[PDB]
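Heads up: the structure comes next, in structure tokens.
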Amino acid sequence: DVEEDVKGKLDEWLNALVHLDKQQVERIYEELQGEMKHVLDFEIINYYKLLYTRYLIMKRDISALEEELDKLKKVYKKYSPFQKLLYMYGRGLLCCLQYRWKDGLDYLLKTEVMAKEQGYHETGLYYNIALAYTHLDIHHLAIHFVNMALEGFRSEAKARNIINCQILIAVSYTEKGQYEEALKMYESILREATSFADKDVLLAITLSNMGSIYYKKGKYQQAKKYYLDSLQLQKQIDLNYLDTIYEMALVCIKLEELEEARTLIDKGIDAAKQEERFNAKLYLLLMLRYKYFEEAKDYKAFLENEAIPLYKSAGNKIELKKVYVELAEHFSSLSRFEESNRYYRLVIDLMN
Amino acid sequence: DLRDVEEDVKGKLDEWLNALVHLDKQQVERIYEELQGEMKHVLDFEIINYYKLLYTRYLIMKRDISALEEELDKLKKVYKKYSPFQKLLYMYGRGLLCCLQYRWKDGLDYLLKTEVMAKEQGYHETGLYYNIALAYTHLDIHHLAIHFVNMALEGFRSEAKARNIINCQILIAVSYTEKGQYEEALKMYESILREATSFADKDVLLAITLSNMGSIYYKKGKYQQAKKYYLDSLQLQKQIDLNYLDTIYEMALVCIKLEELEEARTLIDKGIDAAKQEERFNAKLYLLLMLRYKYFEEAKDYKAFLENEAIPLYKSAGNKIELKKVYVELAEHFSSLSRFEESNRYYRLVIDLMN
């Protein structure tokens, strides 16, 4: 009977896990570990076990999540409709963390239809669904859920999530649509003045995209300022950082600033050798240096003997296509259209 | 009085809806002719337009594209002020319109918005999921195609509609075929060979399966098997339609690989005359005509037909899939005539269509 407070304590831990109050999550997680050893009601135990999976995604532990999620898998039959709900939710987030967006979406969609049946709501769910749809390129459905997520997030007055939705919205309308509508969304982010944790991380991304938008619009001077501001906001060395440098180095070329361009390129290269995680990005910067600061004779040489054989290792995306097009454009520029056709045909075979 | 006249019409309109959703052709035609004698009595703006949107679905079922536009272009400006369900009917009809016109990318765009409106109104249609996946198939986006058939599949399962369930299985095996997994697709088609016998239209199910199987044996290299599966498919094709033109076009290619040109030459002429009759087959008519010129007409005449008739036709209608095919043939042609610069030109054009 005394474990009915733990039942309520498990519900309190649920609130801290939904609104992501990490300071409250940790104190309850510790308090429970001592009290969870005594209680032996499996509708109360499996409650904690599933909330732990929710705790694991907050602690970004994929491996431990996979372990536990596979354990609860067999016990799924005898769960409560709400406990059944949490399992489907956890696997969705797992696949999202494993970037299996199609598999995650299936789980997250079931997570929605269960929540509706038993009359349960969580604003984070809509966001994840929207993030799922977005990362696998379904625009209309992504926008649908990200609005409902945004509506709920405004009612909860959490500015961090507000921007996250606004970023997604602006990104989607940028992928296929007018930039003037996407720029105002980014502009709305900058005007926003509620200071929170890692707001500067979001602004770094916001500025990075605006730099890209204005780069496509031809407005190079403005784009460079946005790239510059982004870089100085960036505190990491992640993939998003190497992108902005590569993009900014392009702007310097457009603005007849080959010195600043090469400097940025060299820094990108030096920062890319650091890890094998972005080994692909490394050669993108090399190609850029051969293209503008080396002989075209050597640029072709690097593309044929270094670039192409590198992307034998899962360069299947734009990277390998990029190398083929550049070579194709190279020969057709020298009016040597035969070799140009050869590489052009390879581009078609790749985009099968 | 006039008031109860409409009350019964609304009921009869809702009945016409379910017949148009569950595809009851004999029931659709029945209510359709009945409504025409009743719809001239009702004058309610809400009810009249409700009928007009439903009438579009009739035109889709009757596959009357030329009349399908006129009804939609008549509503393209004012539909925004209708009831929210009338919008969904408009977006849906417009979506399938693009599909019937082989503008799948545009069709998908409308269908996806239709699904968004579906969730907004608390009303979904399992048939919609299928069409979305069908559009996703022609766009070669198979991972999303598979995503939507599974929703349609489980939808069709709960609705106990075993016939449409098979349609999903066929579509699944199609994506697997394009995904390179030929063996798992064949074994999937064999399972349909047993399932087919349970339905009335079994002969049209076999013709499709035997066709798609023959296509797999064609991609493997087993051409002698390819013809046998195609021949059995054609022998069941007693109805001249889209599927007929697919089988007879694909078989012609098989007779080319088997160096049986005379039979291939015969098949094309039969397929050409078939497509000339109904103008819904213009896409495949000029596709069949390209085969006629590629092998049995001189190269210059083949080139002339591509530049002056093929491209203009596939440019008028946004049938980019076929326009891609024409560009490659022109690119490969000039490449043989050592006119690489003009060949190179078309290679740049075909890449733009893939982005």
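Every number in this text was worked out from the coordinates using simple rules, so none of it is lab data. All Cβ positions, even for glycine, are placed from backbone atoms using ideal geometry, and neighbour counts span all protein chains on display.
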The simple spin-label model distance between B:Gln121 and B:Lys25, using points 7 Å out along Cα→Cβ, in nm, is 2.7
Binned at 10 Å starting from 0, the alpha-carbon pair-distance distribution of the stretch B:46-102 in whole percents comes out as 25, 60, 14, 0
Computed ³J(HN,Hα) along the stretch B:222-238: with the Karplus parameters 6.51/-1.76/1.60, θ = phi - 60°, integer Hz and x for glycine or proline, the list is 6, 6, 5, 6, 4, 5, 4, 6, 6, 5, 5, 6, 5, 5, 9, 7, 8
At 4 °C and 1.567 mPa s, the Stokes-Einstein diffusion coefficient in µm²/s for the stretch B:215-270, with hydrodynamic radius from the Kirkwood sum on alpha carbon pairs, is 116
The size of the Cβ-based charge dipole (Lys, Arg +1; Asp, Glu -1) of the protein assembly as shown about the Cα centre, to the nearest 20 debye, is 940
In Å, the C-alpha Rg and Dmax of the stretch B:1-103 are 13.4, 47
Taking a crude spin-label model, label points 7 Å out from Cα along the C-beta direction, the A:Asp11 to B:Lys276 distance in nm is 7.9
Per the protein assembly as shown, sqrt(5λ) over the Cα gyration tensor eigenvalues, sorted largest first, in Å, gives 45, 40, 27
Partner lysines whose C-alpha sits under 22 Å from that of B:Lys294, ignoring same-chain residues fewer than 8 away, are B:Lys219, B:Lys227, B:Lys257, B:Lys270, B:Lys276, B:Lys284, B:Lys303, B:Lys315, B:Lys320, B:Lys324, B:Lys325
The farthest towards the positive end of the charge dipole of the protein assembly as shown, of the residues B:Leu242, A:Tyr173, B:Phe199, given +1 on Cβ of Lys and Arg and -1 on Cβ of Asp and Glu, is B:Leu242
With B:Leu153 itself left out, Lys, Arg at +1 and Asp, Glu at -1 over residues whose Cβ is under 13 Å from its Cβ give 0
For chain A, longest principal axis from Cα atoms; helix A:318-333 axis from its Cα atoms; angle between them, nearest 10 degrees, is 10
Taking N as the residue count of the stretch B:159-276, its alpha carbon Rg divided by 2.2 N^0.38 Å gives 1.07
For the stretch B:284-355, using Cα atoms only, the Rg and Dmax in Å read 11.6, 34
Given B:195-205, A:46-56, A:278-288, the highest-first ranking by average Cβ count within 10 Å works out to A:46-56, A:278-288, B:195-205
With +1 on the Cβ of every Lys and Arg and -1 on the Cβ of every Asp and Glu, the dipole magnitude of the stretch A:1-99 about its Cα centre, in debye rounded to the nearest 20, is 620
Links exceeding 29 Å between C-alpha atoms in this model, out of B:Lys161/B:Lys222; A:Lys291/A:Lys317; B:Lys81/B:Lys105, come to B:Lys161/B:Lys222
Longest principal axis of chain A (C-alpha) makes with the long axis of helix A:139-155 (C-alpha) an angle, in degrees to the nearest 10, of 50
For chain B, one quarter of the surface area of the C-alpha convex hull, expressed in nm², comes to 19.9
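Over the stretch A:221-276, what is the relative contact order in percent, taking alpha-carbon pairs closer than 8 angstrom and at least six residues apart?
Relative contact order, the stretch A:221-276: 32 percent.
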HN-Hα couplings for the stretch B:203-218 via Karplus (6.51, -1.76, 1.60; θ = phi - 60°), in whole Hz with x for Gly/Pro, come out as 5, 8, 7, 5, 4, 5, 4, 4, 5, 5, 5, x, 5, 5, 5, 6
With only helices counted (DSSP H, runs n ≥ 4, each -39500 (n - 2.57)), the per-residue ellipticity at 222 nm for chain A, to the nearest 500, works out to -25000 deg cm²/dmol
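Calculate the mean, over all residues of peptide B:341-348, of how many other protein chain Cβ atoms lie within 10 angstrom of the residue's Cβ.
Shielding by partners across B:341-348 averages 5.
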In nm, the gap between the two label points placed 7 Å beyond Cα toward Cβ at B:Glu70 and A:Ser63 is 7.0
Dipole check, the protein assembly as shown, charges on Cβ (K,R +1; D,E -1), about Cα centroid: among B:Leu112, B:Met213, A:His135 the Cα furthest to the positive pole belongs to B:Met213
Going fewest to most other Cβ atoms within 10 Å around each Cβ, B:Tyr302, A:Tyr76 line up as A:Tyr76, B:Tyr302
Mean separation of Cα contacts under 8 Å (at least 6 apart) over the residue count of the stretch A:229-342, i.e. the relative contact order in percent, is 14
Looking only at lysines whose Cα falls under 24 Å of A:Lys199's and that sit 8 or more positions away or on another chain, we get A:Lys22, A:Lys59, A:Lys158, A:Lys184, A:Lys224, A:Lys225, A:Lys235
Any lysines whose Cα falls less than 19 Å from that of B:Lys12, other than same-chain ones fewer than 8 residues away, would be B:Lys25, B:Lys40, B:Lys52
The stretch A:1-99: relative contact order from alpha carbon pairs under 8 Å, six or more residues apart, as a whole percent, is 24
Per the rule of 0.36 nm per residue minus the C-alpha distance, extending B:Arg3 to B:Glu183 adds in nm 58.6 nm
Once phi for every residue in the stretch A:113-127 is put through the Karplus expression 6.51 cos²θ - 1.76 cosθ + 1.60 (θ = phi - 60°), the whole-Hz ³J(HN,Hα) values, with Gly and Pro written as x, are 5, 7, 4, 5, 4, 8, x, 10, 9, 8, 4, x, 4, 4, 4
